[PDB]
Structure formats: C-alpha cells, structure tokens
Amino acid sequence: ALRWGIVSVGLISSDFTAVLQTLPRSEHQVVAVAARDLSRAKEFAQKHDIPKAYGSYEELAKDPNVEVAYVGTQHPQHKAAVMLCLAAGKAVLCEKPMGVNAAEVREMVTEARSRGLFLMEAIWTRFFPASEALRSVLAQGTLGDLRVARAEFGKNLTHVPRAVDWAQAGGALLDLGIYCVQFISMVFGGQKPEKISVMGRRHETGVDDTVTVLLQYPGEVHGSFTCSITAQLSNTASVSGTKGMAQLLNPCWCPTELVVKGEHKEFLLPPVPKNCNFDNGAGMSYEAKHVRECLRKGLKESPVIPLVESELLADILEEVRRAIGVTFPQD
C-alpha cells in the first residue's frame, strides 16, 4: 500500500483523508497526521482512524513509515511544509496553488528534482474523467483547428474567511483563477503564452476581487478567463475550433458533464464519501489514484501536471496579479 501522511488538519485535509479511506486498502493506507499542536492532531486521527499523530510537521516528515506526504495547509504555509518533506525523503502531493509566487514554485521544484523525489501540484480537476475525455477530444481533432478557449469561475466568497484574507494569500486569482489558467494551459498543450493582458479590481480586504485575462498562445489561438470573489459567473469552460465547441459544465473546477458539439456525456462521481466540505469532493480520488500509479512506475513527476508546467502556471498567475498591482510580502 502507498502509505500516506497528512500534513495539516483543516477542511481540505478532512476531505482528502476521507477520500483516501475509501480506496482499496491494499492500494492506500493513511498512516500518520501532523498538525501545529498535538491535540488538534490526536482529535483528527481519532475522528479519521489514523494510527499515528504528531504535533509538528517535522515529526511527520521524519516518520520512516510515510512514503508520500499530502500538504493541505493554507496558501502561504505550503512552501516550508513541502521543503521539510522533500528534505526528509518523502514524495509530496501539494495543494493548489503549489506556491504563492513563481519563486516559491521553482524552489520546491528544484529541491524535488535534486533529491530524486516525486512532487505534484494537486490540480485535481485534471484527473476527472470529464477532463480526460476532453483531452481525448482535442487529441482526436474532433473540433477541427482550434481558435479560442474560455473559462470562468466566480462566486460570492466574501463570507468565506480565508478566501478574502491578505495574510492567507486569498483573492480571486489564487483561489479561483488557478483553475482557469490550468484549464487554458491544458487545452493548448501546456505552451507558454506569447502575451497577457489583464483588467481587474481590488477587494477592500487587500486581495483581488474580479480579474479578467487575455492570453495569446502560439499558432494564432488565444484564451480568456474571468474570476471573481464577489460576482457569480457561469462557471463553465470551453474550447472551440473550426468544427465546433467542447464545454465542461458548471461546476467546471470539478466537472461531471462534457458537451461536445451538442452531444452531452455525464461521468458520475464515486459514491463515497458523501458529506464533503467542498463540492464534488469525492473527485479527489482521481488524483490520489494518479499519485499511486506514478510512484509505482517510479516517476518523479506527473505527465499530466509536469513540474515545468506548474512553474509556468505560477509565472502566469504572478504576472497577472503584478499587472493589477496586487503584491504579497513573499514577492
């Protein structure tokens, strides 16, 4: 079994741990959990049936029983936790966005690379059967030559505390834009944009509110997206070429429906678990299964989200928020 250690005990670690505990037991075991104090960790481990509990991440890094660490901390805390894990020899699945700016990402990627160890950013959307089916449509030429891609993700998240906090690097871009960038990047082969234009505005709590971006891609195709922490959007993503459009329906960040040239196709979520903190949370299984296959083949990264692309996604996102003046201390 792939032996997992869970770093941090917040909402998203719950969902992930819960998902992992539904997988075949000869395939995945949750073996440890760390929090920033011992009691918060004993409670999670009791609630989630994990044999070992730690009051620091370093102690989990050092557990010779953990093979892969899941880093589910909040945005600014990923980098130091990932590095601890990599130094101690663990493969790492890091929550999104892997880092707060590009230099954090290069620094994690370089460590992983130099230590010969697996690192992946948990852009879970990529492993949903509906996204896979979309990649297959693109590979097959079904839409003809491509022309334009589009993504949207906005909700009123102003009452979701850590969504709007300057000190947690929240904001529309880092919470929701990341899904738009990864989608656009995916449809255009992970290629580097030739040019980016941005418009948006700020929110009163120190983060970004609403941001639209235009990306010029090679070969004369382009994307645009819009994200927001105040305005509801349609929350779909599309790609179109000379023979038609393919579209991931709302919710595009955890999609279960693909529409290709008018034809609908549904891809159901696993049955369990059922009361996840975040919607469609059961879909976290797809990436969990993905990390296991990669490790089993001895890969040091995912071909589906390669480290060199995580770096590009972080370059793009930082260029976007620099265009509208939004800075974090880490820059």
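Counting begins at 1, following the sequence as shown.
Undergrad: Comparing 175-183 with 250-258, which stretch shows the greater average C-alpha B-factor in the deposited entry?
TA: Taking the mean C-alpha B-factor of 175-183 and of 250-258, the larger value falls to 250-258.
Undergrad: For the higher mean C-alpha B factor in the entry, choose 3-11 or 322-330.
TA: Higher mean C-alpha B-factor in the PDB entry: 322-330.
Undergrad: Quiz for you: based on the deposited Cα B-factor, which of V68, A53, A288, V304 is highest?
TA: Comparing C-alpha B-factors across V68, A53, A288, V304, the maximum falls on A53.
Undergrad: Lowest, middle or highest third: where is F153 by C-alpha B factor in its chain?
TA: For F153, the deposited C-alpha B-factor lands in the middle third.
Undergrad: Among the chain's modelled residues, which third holds the C-alpha B-factor of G244?
TA: Within its chain, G244 is a middle-third residue by C-alpha B-factor, going by the deposited values.
Undergrad: What third of its chain's C-alpha B-factors does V213 belong to: lowest, middle or highest?
TA: For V213, whose C-alpha B-factor we compare with every modelled residue in the chain, the answer is the lowest third.
Undergrad: Name the third of the chain's ranked CA B-factors that contains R106, choosing lowest, middle or highest.
TA: As the PDB entry reports it, the C-alpha B-factor of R106 lands in the middle third of its chain.
Undergrad: Going by what the PDB entry lists, where does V160 fall on CA B-factor within its chain: lowest, middle or highest third?
TA: Tercile = highest for this residue's CA B-factor.
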